[PDB]
Amino acid sequence: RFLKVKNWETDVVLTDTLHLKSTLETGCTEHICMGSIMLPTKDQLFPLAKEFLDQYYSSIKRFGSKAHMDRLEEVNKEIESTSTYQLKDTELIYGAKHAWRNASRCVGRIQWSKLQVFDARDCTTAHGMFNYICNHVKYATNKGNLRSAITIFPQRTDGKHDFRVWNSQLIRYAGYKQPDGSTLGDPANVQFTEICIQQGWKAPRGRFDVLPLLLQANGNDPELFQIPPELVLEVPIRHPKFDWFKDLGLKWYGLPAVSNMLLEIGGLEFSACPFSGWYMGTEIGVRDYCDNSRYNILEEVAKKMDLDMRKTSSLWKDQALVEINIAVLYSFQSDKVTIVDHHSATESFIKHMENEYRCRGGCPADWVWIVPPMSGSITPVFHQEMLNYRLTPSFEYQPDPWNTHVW
Amino acid sequence: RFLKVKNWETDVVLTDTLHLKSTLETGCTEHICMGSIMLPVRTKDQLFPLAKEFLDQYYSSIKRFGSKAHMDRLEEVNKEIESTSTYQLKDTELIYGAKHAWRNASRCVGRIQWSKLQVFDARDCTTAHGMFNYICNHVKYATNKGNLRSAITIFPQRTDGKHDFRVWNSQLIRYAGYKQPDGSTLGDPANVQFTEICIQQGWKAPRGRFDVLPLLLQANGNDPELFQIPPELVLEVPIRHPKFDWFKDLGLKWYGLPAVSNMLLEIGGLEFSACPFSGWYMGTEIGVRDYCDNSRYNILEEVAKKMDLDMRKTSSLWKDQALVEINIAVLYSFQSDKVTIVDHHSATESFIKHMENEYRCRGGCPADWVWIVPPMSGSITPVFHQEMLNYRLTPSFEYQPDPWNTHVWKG
Ligand code: HEM
Ligand code: HEM
Ligand SMILES: Cc1cc(N)nc(C[C@H]2CNC[C@H]2OCCC/C=C/c2cccc(F)c2)c1
Ligand SMILES: Cc1cc(N)nc(C[C@H]2CNC[C@H]2OCCC/C=C/c2cccc(F)c2)c1
Ligand SMILES: C[C@H](O)[C@H](O)[C@H]1CNc2nc(N)[nH]c(=O)c2N1
Ligand SMILES: C[C@H](O)[C@H](O)[C@H]1CNc2nc(N)[nH]c(=O)c2N1
Ligand SMILES: [Zn+2]
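These protein sequences, in sequence, are chains A and B.
Those letters in the first sequence? Residues 299 to 338, 350 to 716, per PDB author numbering, in order.
Those letters in the second sequence? Residues 299 to 338, 348 to 718, per PDB author numbering, in order.
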């Protein structure tokens, strides 16, 4: 019932009790581990509300106080009456920070308590959503000195009036299917790049076209907006030693900003809640640039390096991979845009693990996601046992809105 | 029921029904996933059902389920259990069983090879000298002057738990580690404690960086005994780099034969506590883990120093750069000396093909993603993008506690 996690490099053992406050189900059983699968009423609401406010009042050292009991009744009153309730500003801020703190797949949670929360619950239209989003981008970008933030649109009501950002991230590059048969730009976004065009967007049809935002207020048809280019910080990619690297014509954006998730606080659902931090180098240089079904640039780079590409065992893919990732880090650093390498990030997360065990009784962690996609075993998280479980408040996946929207 | 796994690079979707034949526990529940946890005397009562499940599987595999021969063998095993408390496997059942423990090993990326396994039956063995002889023969057969062949040697099963056959070595061939008074280590740091056991048992330690450890062998629950493998039987490879001529001067070498000797083989409820098996290496086991863990040889600094990498900031990726050069060196050296090795690209590609064939012909393939994905360059190998189901089939290999923890010393 109390579970231990060992670090095999340091022999440090931590004891996990936080898992017993676990609520939702993992996907695993006693017979099958599902650890590597990407996606495994008034009556329901008050328990959920109570559980949250209980931890809220505990956090501000006021568990069992008049104020605690008072608010528990006010919320109970409001649910019995309206079928929902509203969070106090303070509860919203605490819930958002905690959803991040509970994200078992996020290596960057050492930062969880520095999060700027933008309350957009007063928003009513897509133009409104656009204004809120530009302001988030500008704030968070901070001319290259990136700052974490989330903007929270109005909560679900009857589920026929959802606020949704249709983009998967606030800033992403377009993908187009070519007659040719190959793909121009980012193949991840082909479908969406079409939906934008199937709605009037004028595609420059380049390798790196910043997608328009596609915004849905109150369950209405969504609308297109170009983000002002002066608000999209981008970095040209060059290598500190290979003069030819620049001629690849690669660039990436400075701000990672996930916009398709659902934030759950105290039973309430915030279906539009874009949030942003700063990149770990490998996200761009390993995944965005080198995945088979992403930009897939390994061959081109290997060639320019004149490596022996005739056999897998020359490790030419591995050599090219390192150089590409050196380029990404060097570039962002040179243009003074915040970035972290996987060494410093995983080291940070280990420190964060020790803090959460020391201070909260544990830290839910998903090893499959936490371990970087390159050089796994020379980063300390490789050797660290982790326990994965689901705590609330949380971020959750949700079906892409086009599959669902009533037009 | 039916479960789906998707490959997110290819969109290929596979259906698992084999997990319905799973018995043992994973360690996970609906409320916690223990997927990254490293380690998560029987009675007649429990034995005949376990015998029965196993023989139903053997007999279906040979298309004689329900045969007279199947039924007579059930009755025969039944009777042997009630009369003697245990039973003996026929040669054919033993072979089949050891192959399936390998087939079912969900942490093993090499399983495409599962059906080509040389089985050596050492169940007539009685003494530690007998074990030494059996192991030498295994090592010579498997080595095959560099053209590695997979093999397993199987010593008598557990009886009462007081008479166990054990190989005390974690692998048949490994290098000594020696803790020095100044707190530094000579040789392999993983093997310090075991080296100390060997020394106190009477081993005269050469005390260099690559001293092949003696075998410590326990027969029939008796105190274990020391033996030196004839050095002409221990194939080793000096490590050099195709472009870097200073690489050889680091003084590195490794052995060709990876041979796990500390696991337990369970077949139809029988427990074989000494069952050394061997295959051939994936280069990253040596180049990433053996040489580059901080708790192992830890050569990253020395290598990057010679490479003149910018070592002042991790963001130069000096570690990543050196790591790749060491792994190039390992594969180059083995290939140049004609010792079988596979790179992590070719081994993970073979595994996806094996895994898909297994879904098509068997209804599933249990696989542990934490173990299957290589410890460098993970996402450029096709396994990274492969959804996997982990579960426990028997026959199987299992961990067992190190025998210096449990053994009752006799003298
Ligand atoms: C401050 C710098 C941050 C770093 C370096 C970072 C790091 C990462 C990384 C590397 C991933 C893996 C993503 C992938 O591989 O596709 C990830 C996932 C995630 N992060 Fe962060 N993060 C940061 C800030 C944030 C913030 C501000 C939030 C929310 C407030 C957040 C919440 C999440 C969530 C929910 C996931 C998993 C999403 C999913 O399941 O697809 N992180 N994080
Ligand atoms: C033929 C070449 C083989 C290759 C390339 C190979 C590859 C590997 C690798 C890389 C590992 C993980 C090692 C680690 O990370 O420490 C492993 C684990 C394992 N393999 Fe193989 N393997 C081979 C043959 C075999 C054979 C012959 C058997 C037994 C019949 C076997 C059974 C196992 C088992 C039981 C594990 C898990 C060990 C543990 O949990 O500590 N493999 N395999
Ligand atoms: C706030 C933040 C900071 C950071 N450094 N990285 C991130 C993650 C961002 C940046 N890189 C990928 C993106 O993660 C989004 C999740 C990607 C997973 C793929 C995926 C998820 C669901 C369905 C599907 F088909 C694919 C977020
Ligand atoms: C038959 C076979 C073939 C092959 N290529 N590799 C292997 C695995 C071999 C070769 N390299 C590491 C070794 O695996 C050892 C397995 C045990 C895992 C290590 C381990 C487990 C618990 C605590 C600990 F400190 C270490 C076996
Ligand atoms: C199948 C597997 O679960 C999938 O490929 C995962 C593996 N680990 C990951 N880890 C991170 N950080 N991001 C990912 O997209 C993935 N993909
Ligand atoms: C804690 C974690 O489970 C442990 O370090 C695992 C991770 N994956 C591994 N994978 C392989 N192949 N070998 C290992 O020793 C490990 N170690
Ligand atoms: Zn699990």
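Think of the CB as a built atom: it goes at the ideal place given N, C-alpha and C, for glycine as much as any other residue.
Check                                                                                                                     : Outcome
Proximal residues of chain A, C-beta to C-beta of B:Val677 below 9 Å                                                      : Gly333, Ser334, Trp676, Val677 and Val680
heavy atom of ligand 5 below 6 Å from A:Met336 C-beta                                                                     : yes
Rounded separation between B:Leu616 and B:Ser320 - CA only                                                                : 50 Å
For A:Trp716, the residue or residues it bridges with in DSSP                                                             : In the DSSP output, where bridge partners are listed per residue, A:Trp716 has none listed.
Local Cβ density within 10 Å of B:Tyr706, reported as buried at 16 or more and exposed below that                         : exposed
Option in A:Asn451, A:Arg418, A:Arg465 and A:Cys582 with minimal Cα separation from A:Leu354                              : A:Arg465
Top-ranked residue by Cα proximity to A:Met614, from A:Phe554, A:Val416, A:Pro708 and A:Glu328                            : A:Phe554
Paired residues, beta bridge with A:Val446 - DSSP                                                                         : In the DSSP output, where bridge partners are listed per residue, A:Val446 has none listed.
The region 619–630 of chain B: positions lying closer than 9 Å to chain A by Cβ                                           : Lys620, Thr621, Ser622, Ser623, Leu624, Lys626, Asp627, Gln628 and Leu630
B:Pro537 versus B:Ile574 - alpha carbon distance                                                                          : 32 Å
Amino acids of chain B, ordered along the chain, whose beta-carbon sits closer than 7 Å to that of A:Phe691               : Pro682
By C-beta, the residues closer than 5 Å to any heavy atom of ligand 7, given in chain order                               : A:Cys326, A:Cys331, A:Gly333, B:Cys326, B:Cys331 and B:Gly333
Within-7 Å CB hit, B:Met695 to chain A                                                                                    : yes
A:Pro356 - containing beta strand (DSSP E), residue span                                                                  : First-last for A:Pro356: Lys351 to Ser368, but that is the alpha helix (DSSP H), not the beta strand (DSSP E).
Limits of the beta strand (DSSP E) - the one that A:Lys304 falls within                                                   : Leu301 to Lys304
Residue nearest to A:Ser422 in terms of C-alpha spacing, selected from A:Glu608, A:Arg514, A:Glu665 and A:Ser686          : A:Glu665
Backbone secondary structure at A:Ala408 - three-state DSSP                                                               : helix
Within-7 Å CB hit, B:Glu609 to chain A                                                                                    : no
From A:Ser703, A:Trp587 and A:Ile442, residue whose alpha carbon lies closest to that of A:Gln535                         : A:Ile442
Opposing strand residues paired with A:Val649 [DSSP bridges]                                                              : A:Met589
Heavy atom of ligand 4 within 6 Å of B:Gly586 beta-carbon                                                                 : yes
Minimum length 4: unbroken alpha helix (DSSP H) runs contained in the region 424–476 of chain A                           : 435–450
heavy atom of ligand 6 below 6 Å from B:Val677 C-beta                                                                     : yes
Beta-bridge pairing of A:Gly494 - partner residues as DSSP gives them                                                     : A:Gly484
Partner residues on chain B for A:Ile687, Cβ-Cβ distance less than 9 Å                                                    : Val595, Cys599, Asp600, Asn601, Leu607, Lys626, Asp627, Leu630, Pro682 and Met683
Which of helix, strand or coil DSSP assigns to B:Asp530                                                                   : coil
Neighbourhood of B:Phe300 by C-beta distance below 8 Å, restricted to the same chain and skipping five residues each side : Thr313, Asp314 and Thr315
Residue-level contact to chain B via CB, A:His548, 7 Å cutoff                                                             : no
Within-7 Å CB hit, A:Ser491 to chain B                                                                                    : no
Between the CA atoms of B:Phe472 and B:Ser602 - distance to the nearest angstrom                                          : 30 Å
Interface partners of A:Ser320 on chain B, CB under 8 Å                                                                   : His329 and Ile330
Under the three-state DSSP convention, the category B:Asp597 falls into                                                   : helix
Exposure of B:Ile369, with buried meaning 16 or more beta-carbon neighbours within 10 Å                                   : exposed
Any C-beta of chain A under 7 Å from that of B:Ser653                                                                     : yes
Whole runs of the beta strand (DSSP E) within the region 661–707 of chain B, excluding any shorter than 3 residues        : 703–705
Under 8 Å by beta carbon: chain B residues contacting A:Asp650                                                            : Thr621, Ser622 and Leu624
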